[PDB]
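K.L.:
Structure file start-v4.cif (mmCIF, C-alpha atoms and all ligand atoms) is given on the next line.
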```cif
data_structure
loop_
_atom_site.label_atom_id
_atom_site.label_comp_id
_atom_site.auth_asym_id
_atom_site.auth_seq_id
_atom_site.Cartn_x
_atom_site.Cartn_y
_atom_site.Cartn_z
CA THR V 34 -46.84 -13.47 -0.41
CA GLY V 35 -43.52 -12.71 -2.25
CA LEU V 36 -40.15 -11.10 -1.78
CA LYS V 37 -41.38 -7.68 -2.74
CA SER V 38 -44.08 -7.57 -0.01
CA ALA V 39 -41.81 -9.22 2.54
CA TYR V 40 -39.35 -6.30 2.02
CA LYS V 41 -41.93 -3.61 1.36
CA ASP V 42 -40.73 -1.44 4.26
CA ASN V 43 -37.04 -2.07 3.53
CA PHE V 44 -36.47 -1.59 -0.27
CA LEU V 45 -37.61 -2.58 -3.80
CA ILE V 46 -36.97 -6.18 -4.90
CA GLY V 47 -35.88 -6.23 -8.52
CA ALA V 48 -34.94 -8.55 -11.33
CA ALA V 49 -32.99 -7.92 -14.52
CA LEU V 50 -35.14 -9.14 -17.39
CA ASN V 51 -33.84 -10.53 -20.72
CA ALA V 52 -35.87 -9.69 -23.86
CA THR V 53 -37.65 -12.96 -23.89
CA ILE V 54 -38.97 -12.30 -20.48
CA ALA V 55 -39.74 -8.65 -21.30
CA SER V 56 -41.94 -9.79 -24.20
CA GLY V 57 -44.77 -10.88 -21.87
CA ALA V 58 -44.96 -14.21 -23.63
CA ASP V 59 -44.02 -16.41 -20.63
CA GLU V 60 -47.12 -16.37 -18.37
CA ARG V 61 -45.32 -18.43 -15.83
CA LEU V 62 -42.66 -15.61 -15.43
CA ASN V 63 -45.36 -12.94 -15.49
CA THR V 64 -47.08 -14.63 -12.65
CA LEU V 65 -43.78 -15.01 -10.78
CA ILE V 66 -42.41 -11.51 -11.50
CA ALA V 67 -45.69 -9.89 -10.52
CA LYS V 68 -45.64 -11.71 -7.24
CA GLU V 69 -41.94 -11.33 -6.30
CA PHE V 70 -40.52 -8.05 -7.72
CA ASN V 71 -41.58 -4.44 -7.99
CA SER V 72 -38.56 -3.21 -9.84
CA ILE V 73 -37.11 -4.35 -13.22
CA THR V 74 -33.94 -3.59 -15.22
CA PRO V 75 -33.34 -4.43 -18.91
CA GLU V 76 -30.52 -6.96 -18.86
CA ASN V 77 -29.31 -6.00 -22.38
CA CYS V 78 -31.81 -4.09 -24.47
CA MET V 79 -31.15 -0.46 -23.66
CA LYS V 80 -27.39 -0.78 -24.06
CA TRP V 81 -25.95 1.50 -26.85
CA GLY V 82 -24.63 -1.31 -29.11
CA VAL V 83 -27.69 -3.59 -28.66
CA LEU V 84 -30.18 -0.79 -29.14
CA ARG V 85 -28.23 0.72 -32.13
CA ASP V 86 -26.42 -0.82 -35.09
CA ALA V 87 -22.92 0.34 -36.00
CA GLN V 88 -24.36 3.23 -38.02
CA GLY V 89 -26.16 4.74 -35.12
CA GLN V 90 -29.48 3.51 -36.26
CA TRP V 91 -32.20 2.66 -33.56
CA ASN V 92 -34.44 -0.35 -33.18
CA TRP V 93 -36.79 0.12 -30.25
CA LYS V 94 -38.67 -3.19 -30.24
CA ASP V 95 -37.12 -4.74 -27.14
CA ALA V 96 -36.49 -1.44 -25.28
CA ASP V 97 -40.13 -0.63 -25.91
CA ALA V 98 -41.34 -4.13 -24.95
CA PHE V 99 -39.50 -3.87 -21.59
CA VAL V 100 -41.21 -0.41 -20.76
CA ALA V 101 -44.58 -1.88 -21.82
CA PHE V 102 -43.96 -4.77 -19.40
CA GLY V 103 -43.19 -2.58 -16.43
CA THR V 104 -46.08 -0.26 -17.30
CA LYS V 105 -48.32 -3.25 -17.54
CA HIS V 106 -47.39 -4.72 -14.10
CA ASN V 107 -46.68 -1.36 -12.62
CA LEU V 108 -43.08 -2.09 -11.74
CA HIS V 109 -40.35 0.48 -10.87
CA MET V 110 -38.11 0.69 -13.94
CA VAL V 111 -34.33 1.28 -14.09
CA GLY V 112 -32.71 2.30 -17.40
CA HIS V 113 -29.42 0.42 -17.95
CA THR V 114 -27.15 2.15 -19.09
CA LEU V 115 -26.50 5.37 -20.97
CA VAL V 116 -22.68 5.52 -21.02
CA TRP V 117 -20.58 2.43 -20.68
CA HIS V 118 -17.47 0.98 -22.41
CA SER V 119 -19.11 -2.43 -23.09
CA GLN V 120 -21.69 -3.54 -25.69
CA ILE V 121 -21.07 -0.33 -27.61
CA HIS V 122 -19.69 -0.32 -31.17
CA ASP V 123 -16.21 0.88 -31.82
CA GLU V 124 -17.46 3.08 -34.62
CA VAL V 125 -18.75 5.35 -31.78
CA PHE V 126 -15.14 6.14 -30.93
CA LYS V 127 -13.06 5.27 -33.92
CA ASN V 128 -12.75 6.08 -37.62
CA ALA V 129 -12.56 2.95 -39.78
CA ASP V 130 -8.75 3.44 -39.82
CA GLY V 131 -8.61 3.09 -36.05
CA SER V 132 -8.02 6.73 -35.22
CA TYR V 133 -10.15 8.40 -32.58
CA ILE V 134 -12.63 11.14 -33.34
CA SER V 135 -12.39 14.55 -31.58
CA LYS V 136 -13.87 14.97 -28.12
CA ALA V 137 -16.33 17.50 -29.62
CA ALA V 138 -17.72 14.92 -32.04
CA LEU V 139 -18.00 12.32 -29.42
CA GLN V 140 -19.75 14.79 -27.16
CA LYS V 141 -22.25 15.30 -29.95
CA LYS V 142 -22.89 11.51 -30.28
CA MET V 143 -23.35 11.48 -26.46
CA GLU V 144 -25.79 14.40 -26.55
CA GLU V 145 -27.85 12.72 -29.20
CA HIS V 146 -27.80 9.28 -27.53
CA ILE V 147 -28.82 10.58 -24.06
CA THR V 148 -31.33 13.03 -25.51
CA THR V 149 -33.05 10.28 -27.55
CA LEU V 150 -32.75 7.46 -25.00
CA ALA V 151 -33.60 9.28 -21.67
CA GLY V 152 -35.94 11.58 -23.58
CA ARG V 153 -38.01 8.70 -24.98
CA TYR V 154 -38.66 7.18 -21.52
CA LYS V 155 -38.63 10.47 -19.60
CA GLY V 156 -41.05 9.81 -16.75
CA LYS V 157 -41.60 6.15 -17.49
CA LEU V 158 -38.26 5.02 -16.16
CA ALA V 159 -37.76 6.05 -12.53
CA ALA V 160 -33.98 5.60 -12.59
CA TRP V 161 -30.97 5.47 -14.88
CA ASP V 162 -27.54 3.95 -14.54
CA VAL V 163 -26.04 6.98 -16.25
CA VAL V 164 -22.34 5.78 -16.19
CA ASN V 165 -21.47 2.06 -15.69
CA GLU V 166 -17.98 0.80 -14.63
CA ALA V 167 -15.65 3.80 -14.96
CA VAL V 168 -13.00 2.69 -12.46
CA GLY V 169 -10.32 0.24 -13.69
CA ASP V 170 -9.50 -2.87 -11.58
CA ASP V 171 -6.04 -1.36 -11.14
CA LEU V 172 -8.08 1.27 -9.26
CA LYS V 173 -7.38 3.99 -11.85
CA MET V 174 -9.95 5.52 -14.17
CA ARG V 175 -10.63 2.71 -16.59
CA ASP V 176 -8.76 3.29 -19.87
CA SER V 177 -11.94 3.04 -21.95
CA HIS V 178 -12.28 5.06 -25.18
CA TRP V 179 -14.84 7.20 -23.34
CA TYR V 180 -12.04 8.04 -20.94
CA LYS V 181 -9.18 8.31 -23.42
CA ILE V 182 -11.10 10.74 -25.71
CA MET V 183 -12.94 12.69 -22.97
CA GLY V 184 -11.48 12.38 -19.43
CA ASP V 185 -13.76 12.79 -16.40
CA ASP V 186 -16.02 14.83 -18.63
CA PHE V 187 -17.60 11.72 -20.13
CA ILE V 188 -19.04 10.97 -16.64
CA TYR V 189 -19.70 14.61 -15.82
CA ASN V 190 -21.42 15.38 -19.12
CA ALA V 191 -23.36 12.15 -19.06
CA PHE V 192 -25.10 13.01 -15.73
CA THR V 193 -25.67 16.65 -16.53
CA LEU V 194 -27.25 15.55 -19.87
CA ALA V 195 -29.38 12.82 -18.26
CA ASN V 196 -30.65 15.27 -15.64
CA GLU V 197 -31.55 17.89 -18.20
CA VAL V 198 -33.46 15.22 -20.14
CA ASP V 199 -35.46 13.73 -17.25
CA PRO V 200 -35.19 16.12 -14.27
CA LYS V 201 -37.27 13.70 -12.33
CA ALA V 202 -35.01 10.70 -12.85
CA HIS V 203 -32.98 9.07 -10.15
CA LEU V 204 -29.55 9.03 -11.45
CA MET V 205 -27.01 6.43 -10.56
CA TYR V 206 -23.41 5.48 -10.93
CA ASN V 207 -23.02 1.70 -11.13
CA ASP V 208 -19.92 -0.54 -10.65
CA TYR V 209 -18.71 -4.02 -9.59
CA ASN V 210 -16.16 -5.03 -6.97
CA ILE V 211 -16.80 -1.68 -5.30
CA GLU V 212 -17.66 -3.99 -2.20
CA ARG V 213 -13.90 -4.25 -2.05
CA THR V 214 -11.29 -2.13 -0.41
CA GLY V 215 -9.27 -0.18 -2.89
CA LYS V 216 -11.81 0.16 -5.65
CA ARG V 217 -14.43 1.29 -3.15
CA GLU V 218 -12.09 4.21 -2.31
CA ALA V 219 -11.09 5.09 -5.81
CA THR V 220 -14.89 5.27 -6.57
CA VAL V 221 -15.71 7.37 -3.48
CA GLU V 222 -12.89 9.71 -4.63
CA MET V 223 -14.27 9.70 -8.13
CA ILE V 224 -17.78 10.73 -7.03
CA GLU V 225 -16.42 13.27 -4.63
CA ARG V 226 -14.27 15.08 -7.23
CA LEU V 227 -17.32 15.18 -9.62
CA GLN V 228 -19.78 16.25 -6.92
CA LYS V 229 -17.56 19.19 -6.18
CA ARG V 230 -17.88 20.02 -9.88
CA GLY V 231 -21.69 20.09 -9.21
CA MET V 232 -22.57 16.92 -11.25
CA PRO V 233 -26.16 15.87 -10.63
CA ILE V 234 -26.06 12.36 -9.15
CA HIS V 235 -28.57 10.73 -6.87
CA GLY V 236 -27.75 7.07 -6.36
CA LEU V 237 -24.85 4.66 -6.19
CA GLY V 238 -25.34 1.18 -7.60
CA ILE V 239 -23.43 -1.71 -6.02
CA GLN V 240 -23.56 -4.44 -8.70
CA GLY V 241 -23.28 -7.31 -6.17
CA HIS V 242 -21.86 -9.96 -8.42
CA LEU V 243 -20.60 -11.99 -5.41
CA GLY V 244 -19.06 -15.44 -4.93
CA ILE V 245 -20.26 -18.01 -2.39
CA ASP V 246 -17.53 -17.13 0.09
CA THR V 247 -16.17 -13.75 -0.94
CA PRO V 248 -16.30 -10.73 -0.46
CA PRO V 249 -16.97 -10.90 3.22
CA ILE V 250 -20.00 -9.22 4.69
CA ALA V 251 -17.76 -6.63 6.60
CA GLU V 252 -16.51 -5.54 3.24
CA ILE V 253 -19.86 -5.03 1.67
CA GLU V 254 -20.89 -3.08 4.87
CA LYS V 255 -18.01 -0.62 4.70
CA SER V 256 -19.02 0.17 1.11
CA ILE V 257 -22.81 0.65 1.94
CA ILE V 258 -21.72 3.20 4.59
CA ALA V 259 -19.05 4.95 2.50
CA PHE V 260 -21.32 5.63 -0.42
CA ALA V 261 -24.35 6.76 1.59
CA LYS V 262 -22.11 9.21 3.38
CA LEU V 263 -21.63 10.83 -0.08
CA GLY V 264 -25.27 11.75 0.36
CA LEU V 265 -26.52 9.21 -2.18
CA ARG V 266 -29.15 6.45 -2.10
CA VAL V 267 -27.59 2.93 -2.28
CA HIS V 268 -28.85 0.27 -4.65
CA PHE V 269 -27.81 -3.33 -5.08
CA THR V 270 -28.22 -3.59 -8.79
CA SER V 271 -26.93 -6.88 -10.30
CA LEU V 272 -27.17 -9.30 -7.36
CA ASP V 273 -26.25 -12.95 -7.79
CA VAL V 274 -23.94 -15.45 -6.03
CA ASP V 275 -21.39 -17.47 -8.06
CA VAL V 276 -21.24 -21.06 -6.57
CA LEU V 277 -18.64 -22.36 -9.15
CA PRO V 278 -14.83 -22.73 -8.97
CA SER V 279 -13.18 -19.34 -9.28
CA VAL V 280 -10.76 -18.44 -11.98
CA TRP V 281 -10.15 -15.12 -10.34
CA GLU V 282 -7.22 -16.20 -8.11
CA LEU V 283 -5.26 -18.42 -10.52
CA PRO V 284 -1.39 -18.89 -10.78
CA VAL V 285 0.56 -16.84 -13.38
CA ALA V 286 0.92 -19.66 -15.98
CA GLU V 287 -2.83 -19.69 -16.35
CA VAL V 288 -4.40 -16.21 -17.07
CA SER V 289 -6.19 -18.09 -19.86
CA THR V 290 -6.05 -21.25 -19.68
CA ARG V 291 -8.39 -19.92 -16.99
CA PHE V 292 -11.37 -18.99 -19.20
CA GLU V 293 -11.26 -22.20 -21.15
CA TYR V 294 -14.02 -24.57 -20.36
CA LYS V 295 -12.66 -27.43 -18.22
CA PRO V 296 -14.60 -30.33 -16.60
CA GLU V 297 -13.57 -29.83 -12.95
CA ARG V 298 -14.39 -26.10 -13.16
CA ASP V 299 -17.97 -27.21 -13.99
CA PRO V 300 -18.62 -29.65 -11.15
CA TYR V 301 -22.44 -29.38 -10.71
CA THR V 302 -23.93 -30.09 -14.14
CA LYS V 303 -25.94 -33.05 -12.70
CA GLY V 304 -27.52 -30.71 -10.09
CA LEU V 305 -26.49 -28.56 -7.06
CA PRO V 306 -25.98 -30.94 -4.10
CA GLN V 307 -27.94 -30.25 -0.88
CA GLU V 308 -24.67 -29.43 0.88
CA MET V 309 -24.18 -26.38 -1.48
CA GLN V 310 -27.98 -25.56 -1.59
CA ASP V 311 -27.28 -24.85 2.08
CA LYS V 312 -24.12 -22.78 1.64
CA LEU V 313 -26.13 -20.72 -0.88
CA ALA V 314 -29.10 -20.17 1.47
CA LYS V 315 -26.74 -19.12 4.23
CA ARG V 316 -24.79 -16.74 2.03
CA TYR V 317 -28.02 -15.14 0.74
CA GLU V 318 -29.19 -14.93 4.33
CA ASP V 319 -26.05 -13.14 5.51
CA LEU V 320 -26.37 -10.70 2.65
CA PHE V 321 -29.97 -9.85 3.37
CA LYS V 322 -29.40 -9.52 7.18
CA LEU V 323 -26.84 -6.90 6.08
CA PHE V 324 -29.27 -5.19 3.69
CA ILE V 325 -32.02 -5.06 6.28
CA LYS V 326 -29.52 -3.67 8.78
CA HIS V 327 -28.92 -0.71 6.35
CA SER V 328 -32.25 -0.30 4.61
CA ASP V 329 -32.33 3.37 5.66
CA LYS V 330 -29.46 3.62 3.15
CA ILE V 331 -30.50 1.05 0.55
CA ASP V 332 -33.40 1.99 -1.84
CA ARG V 333 -33.35 -1.29 -3.85
CA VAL V 334 -31.83 -4.87 -4.16
CA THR V 335 -32.11 -6.19 -7.78
CA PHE V 336 -31.05 -9.69 -8.93
CA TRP V 337 -29.20 -10.09 -12.20
CA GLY V 338 -31.84 -12.56 -13.47
CA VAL V 339 -34.96 -14.34 -12.26
CA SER V 340 -33.90 -18.00 -12.46
CA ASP V 341 -30.65 -20.05 -12.77
CA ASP V 342 -31.40 -21.27 -16.27
CA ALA V 343 -31.18 -17.62 -17.34
CA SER V 344 -28.21 -16.45 -15.39
CA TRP V 345 -25.34 -14.84 -17.30
CA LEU V 346 -22.88 -16.61 -14.95
CA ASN V 347 -23.63 -19.82 -16.77
CA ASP V 348 -21.45 -18.31 -19.49
CA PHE V 349 -19.32 -15.75 -17.55
CA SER V 350 -16.68 -16.14 -16.77
CA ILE V 351 -16.36 -19.58 -18.48
CA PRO V 352 -18.88 -20.25 -21.37
CA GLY V 353 -21.34 -23.07 -20.85
CA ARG V 354 -21.01 -23.85 -17.11
CA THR V 355 -24.02 -24.85 -15.01
CA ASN V 356 -24.19 -22.18 -12.22
CA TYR V 357 -26.84 -21.73 -9.50
CA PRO V 358 -26.68 -17.95 -8.56
CA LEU V 359 -30.33 -16.83 -8.19
CA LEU V 360 -33.41 -17.48 -6.00
CA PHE V 361 -35.33 -19.57 -8.49
CA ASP V 362 -34.18 -22.72 -10.07
CA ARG V 363 -34.20 -23.98 -13.71
CA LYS V 364 -37.89 -25.07 -13.15
CA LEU V 365 -38.85 -21.66 -11.64
CA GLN V 366 -39.17 -23.24 -8.22
CA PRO V 367 -37.88 -21.32 -5.35
CA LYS V 368 -34.66 -22.42 -3.66
CA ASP V 369 -33.70 -22.90 -0.01
CA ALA V 370 -32.20 -19.31 -0.06
CA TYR V 371 -35.64 -17.98 -0.96
CA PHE V 372 -37.43 -19.28 2.22
CA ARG V 373 -34.52 -18.26 4.41
CA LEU V 374 -35.17 -14.69 3.09
CA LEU V 375 -38.90 -14.77 3.53
CA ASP V 376 -38.27 -16.10 7.05
CA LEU V 377 -36.00 -13.13 7.94
CA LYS V 378 -38.89 -10.75 7.43
CA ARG V 379 -41.68 -13.10 8.51
CA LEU V 380 -40.15 -13.75 11.89
CA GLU V 381 -38.78 -10.22 12.35
CA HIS V 382 -38.94 -8.66 15.85
CA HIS V 383 -40.33 -5.17 16.78
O1 LIG G 401 -25.28 -16.24 -20.95
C1 LIG G 401 -25.15 -15.54 -22.21
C2 LIG G 401 -25.60 -14.05 -22.18
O2 LIG G 401 -25.31 -13.38 -20.92
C3 LIG G 401 -26.38 -12.45 -20.64
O3 LIG G 401 -26.25 -11.21 -21.12
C4 LIG G 401 -25.13 -10.58 -20.52
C5 LIG G 401 -25.64 -9.61 -19.43
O4 LIG G 401 -26.28 -10.24 -18.32
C6 LIG G 401 -24.44 -8.89 -18.94
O5 LIG G 401 -24.88 -7.79 -17.81
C7 LIG G 401 -23.81 -7.12 -17.20
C8 LIG G 401 -23.30 -7.89 -15.97
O6 LIG G 401 -22.33 -7.02 -15.49
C9 LIG G 401 -22.81 -5.83 -14.99
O7 LIG G 401 -23.87 -5.96 -14.03
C10 LIG G 401 -23.22 -4.95 -16.14
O8 LIG G 401 -23.69 -3.74 -15.60
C11 LIG G 401 -24.32 -5.74 -16.85
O9 LIG G 401 -24.74 -5.16 -18.05
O10 LIG G 401 -24.03 -8.16 -20.04
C12 LIG G 401 -23.31 -8.92 -21.00
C13 LIG G 401 -24.34 -9.84 -21.59
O11 LIG G 401 -23.65 -10.72 -22.47
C14 LIG G 401 -27.64 -13.01 -21.29
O12 LIG G 401 -28.29 -13.79 -20.27
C15 LIG G 401 -27.10 -13.81 -22.45
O13 LIG G 401 -27.18 -13.03 -23.64
CL CL G 402 -31.65 -9.81 -23.48
CL CL G 403 -22.49 -33.28 -6.37
MG MG G 404 -45.20 4.67 -15.76
#
```
Once more with this new file: its structure as structure tokens, please.
Ligand SMILES: OC[C@@H]1O[C@@H](O[C@@H]2[C@@H](O)[C@H](O[C@@H]3CO[C@H](O)[C@H](O)[C@H]3O)OC[C@H]2O)[C@H](O)[C@H]1O
Ligand SMILES: [Cl-]
Ligand SMILES: [Cl-]
Ligand SMILES: [Mg+2]
P.N.:
Amino acid sequence: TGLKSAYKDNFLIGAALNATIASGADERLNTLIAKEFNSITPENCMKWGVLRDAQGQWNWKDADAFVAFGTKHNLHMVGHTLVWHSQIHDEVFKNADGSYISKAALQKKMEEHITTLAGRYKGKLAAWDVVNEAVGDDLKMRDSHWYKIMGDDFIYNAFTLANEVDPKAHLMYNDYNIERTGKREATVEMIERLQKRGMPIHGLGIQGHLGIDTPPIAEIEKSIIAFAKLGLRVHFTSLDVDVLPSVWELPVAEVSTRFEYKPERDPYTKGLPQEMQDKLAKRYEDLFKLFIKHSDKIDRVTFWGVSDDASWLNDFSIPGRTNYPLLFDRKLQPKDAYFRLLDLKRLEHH
């Protein structure tokens, strides 16, 4: 059968779904999703600034279509995300003159947003990313407007609110590069200090935006262990593997430059050679060996897309590259990495 049944006894197999896919209108992705995944996450549609215009006004079409889809196919559904510094309008934070509104006023906007959003899907969504990406890459609390107006209380109040709205909801914190030493620890710290405040939190999302070579598997492992120790369920939430030239490690004189589209940084436009098909299978296989090792700690592994043609890495971090990060190709056909992963479970020894 599919991924989901292969991994039934391990964890949920999930896909982020764009709004075209959430519409139901692609029978070929319906057939695929129904076979392969049992968990879905809205890739964009339940984000503050996508869901609401700059005046706080709500359009629920896509948000509603996504919940109709998972109800329809009976898939576990993750809300993404109540409180985040990205894809949210500056009018949330700032007067037209640039100045920041009071904390009190922003609290009120947060109350309303969580109350309406979690409230509306209370009991339909099993899980929420309540706060997304609150630790800076300099390993300090990210200097978002959330943070600058509110402090730790934006995260605190966000969870407490969420939990009051849907008591039943599994409530996560979600971040990227927390596979990595340094930011892993600053996040463990962050949870700890809020958990001693009594903040209701149930899960820790590891985004899992990985590269073909890095981070190493020992890294990821340390993080699975650190976070579960905080008495939380571990999720891999935005899984994909970047197979393109990295701009992450570039010399000074090229901080951008580095985001500009350049030929050589897009080397596989004519197709992914077999030699890299293979590095990608092997890298997915290492990851999933790891995940199986620790499936007492991991509740779910979600991919940040269904197929390559629809991966966000085609445009991040350089617009318009041809990447190959996911299990299904641009023709919806499964890739070498896919069979390696069925095989792990198929041939498993007990
Ligand atoms: O390719 C163009 C564009 O990218 C995609 O939407 C993007 C989302 O996938 C992206 O998701 C975040 C990835 O980082 C973290 O996991 C974070 O938690 C996610 O929200 O968000 C930015 C979007 O531009 C679409 O495929 C398409 O619109
Ligand atoms: Cl979308
Ligand atoms: Cl090639
Ligand atoms: Mg339901």
K.L.:
Write out as a PyMOL selection string which residues come within 12 Å of residue V:89 when counting all atoms listed in the file, dropping same-chain ones fewer than 6 positions away.
P.N.:
chain V and resi 81-83+121-126+142-143+145-146+149
K.L.:
Extract, using all atoms listed in the file, all DNA, RNA and protein residues at most 7 Å from stretch 356-366 of chain V, discarding same-chain residues fewer than 5 positions from it, and format them as a ChimeraX atom specification.
P.N.:
/V:273-277,338-342,346-347,371
K.L.:
Distance limit 9 Å, reference ligand MG 404 (chain G), atoms considered: all atoms listed in the file. Which residues make the cut? Give them as a PDB file with C-alpha atoms, in the frame of the given file.
P.N.:
```pdb
ATOM      1  CA  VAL V 100     -41.210  -0.410 -20.760  1.00  0.00           C
ATOM      2  CA  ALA V 101     -44.580  -1.880 -21.820  1.00  0.00           C
ATOM      3  CA  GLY V 103     -43.190  -2.580 -16.430  1.00  0.00           C
ATOM      4  CA  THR V 104     -46.080  -0.260 -17.300  1.00  0.00           C
ATOM      5  CA  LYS V 105     -48.320  -3.250 -17.540  1.00  0.00           C
ATOM      6  CA  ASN V 107     -46.680  -1.360 -12.620  1.00  0.00           C
ATOM      7  CA  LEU V 108     -43.080  -2.090 -11.740  1.00  0.00           C
ATOM      8  CA  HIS V 109     -40.350   0.480 -10.870  1.00  0.00           C
ATOM      9  CA  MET V 110     -38.110   0.690 -13.940  1.00  0.00           C
ATOM     10  CA  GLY V 156     -41.050   9.810 -16.750  1.00  0.00           C
ATOM     11  CA  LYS V 157     -41.600   6.150 -17.490  1.00  0.00           C
ATOM     12  CA  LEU V 158     -38.260   5.020 -16.160  1.00  0.00           C
ATOM     13  CA  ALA V 159     -37.760   6.050 -12.530  1.00  0.00           C
TER      14      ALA V 159
END
```
K.L.:
Give me, please, the distance in Å between atom CA of residue V:40 and atom CA of residue V:64, quoted to one decimal.
P.N.:
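Going from atom CA of residue V:40 over to atom CA of residue V:64 covers 18.6 Å.
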K.L.:
Counting only C-alpha atoms, which of V:55, V:198, V:191, V:164 gets nearest to residue V:106?
P.N.:
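For residue V:106, the nearest of the given residues is V:55.
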K.L.:
Distance atom CA of residue V:351-atom CA of residue V:292, one decimal place?
P.N.:
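Atom CA of residue V:292 lies at a distance of 5.1 Å from atom CA of residue V:351.
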K.L.:
How many Å lie between atom CA of residue V:204 and atom CA of residue V:163, rounded to one decimal?
P.N.:
6.3 Å
K.L.:
Residues within 8 Å of ligand CL 403 (chain G), counting all atoms listed in the file: report them as a list in words.
P.N.:
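Counting only what the definition allows, namely all atoms listed in the file, the set is residues 300, 301, 303, 304, 305 and 306 of chain V.
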K.L.:
I'd like to know which of V:37, V:127, V:68, V:242 is closest to ligand LIG 401 (chain G), using all atoms listed in the file.
P.N.:
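Among the listed residues, the smallest separation from ligand LIG 401 (chain G) belongs to V:242.
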K.L.:
In terms of the shortest atom-to-atom distance over all atoms listed in the file, which of V:207, V:228, V:34, V:132 is closest to ligand LIG 401 (chain G)?
P.N.:
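Closest to ligand LIG 401 (chain G) of all the choices is V:207.
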K.L.:
Determine, counting all atoms listed in the file, which protein, DNA and RNA residues have an atom within 12 Å of an atom of residue V:319; residues of the same chain fewer than 2 positions away are not included. Present the result as a list in words.
P.N.:
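Near neighbours after the sequence-gap exclusion: residues 245, 246, 247, 248, 249, 250, 251, 253, 254, 274, 312, 313, 314, 315, 316, 317, 321, 322, 323, 324, 325, 326, 370, 373, 374 and 377 of chain V.
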K.L.:
Could you pull the residues within 7 Å of residue V:202, counting all atoms listed in the file, minus those fewer than 3 positions along the same chain, as a ChimeraX atom specification?
P.N.:
/V:159-161,196,199
K.L.:
Restrict the calculation to only C-alpha atoms and all ligand atoms, then for each residue of chain V with any atom at most 9 Å from an atom of ligand LIG 401 (chain G) give the closest atom pair and their distance in Å to one decimal, rows by chain and rising residue number, as a Markdown table.
P.N.:
```
| residue | atom | partner | partner_atom | distance |
| --- | --- | --- | --- | --- |
| V:49 | CA | G:LIG401 | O4 | 8.1 |
| V:50 | CA | G:LIG401 | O12 | 8.8 |
| V:51 | CA | G:LIG401 | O12 | 6.5 |
| V:75 | CA | G:LIG401 | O9 | 8.7 |
| V:76 | CA | G:LIG401 | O4 | 5.4 |
| V:77 | CA | G:LIG401 | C5 | 5.9 |
| V:80 | CA | G:LIG401 | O9 | 7.9 |
| V:113 | CA | G:LIG401 | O9 | 7.3 |
| V:114 | CA | G:LIG401 | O8 | 7.7 |
| V:117 | CA | G:LIG401 | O8 | 8.6 |
| V:119 | CA | G:LIG401 | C12 | 8.0 |
| V:120 | CA | G:LIG401 | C12 | 7.3 |
| V:162 | CA | G:LIG401 | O8 | 8.7 |
| V:165 | CA | G:LIG401 | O8 | 6.2 |
| V:166 | CA | G:LIG401 | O8 | 7.4 |
| V:207 | CA | G:LIG401 | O8 | 7.1 |
| V:208 | CA | G:LIG401 | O8 | 7.0 |
| V:209 | CA | G:LIG401 | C9 | 7.0 |
| V:240 | CA | G:LIG401 | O7 | 5.6 |
| V:241 | CA | G:LIG401 | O7 | 8.0 |
| V:242 | CA | G:LIG401 | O7 | 7.2 |
| V:270 | CA | G:LIG401 | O7 | 7.2 |
| V:271 | CA | G:LIG401 | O7 | 4.9 |
| V:272 | CA | G:LIG401 | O7 | 8.2 |
| V:337 | CA | G:LIG401 | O4 | 6.8 |
| V:338 | CA | G:LIG401 | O4 | 7.7 |
| V:343 | CA | G:LIG401 | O12 | 5.6 |
| V:344 | CA | G:LIG401 | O12 | 5.6 |
| V:345 | CA | G:LIG401 | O2 | 3.9 |
| V:346 | CA | G:LIG401 | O1 | 6.5 |
| V:347 | CA | G:LIG401 | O1 | 5.7 |
| V:348 | CA | G:LIG401 | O1 | 4.6 |
| V:349 | CA | G:LIG401 | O1 | 6.9 |
| V:352 | CA | G:LIG401 | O1 | 7.6 |
| V:353 | CA | G:LIG401 | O1 | 7.9 |
```
K.L.:
Of the residues V:151, V:78, V:168, V:48, which is the one nearest to ligand CL 402 (chain G), using all atoms listed in the file?
P.N.:
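Ranked by minimum distance to ligand CL 402 (chain G), first place goes to V:78.
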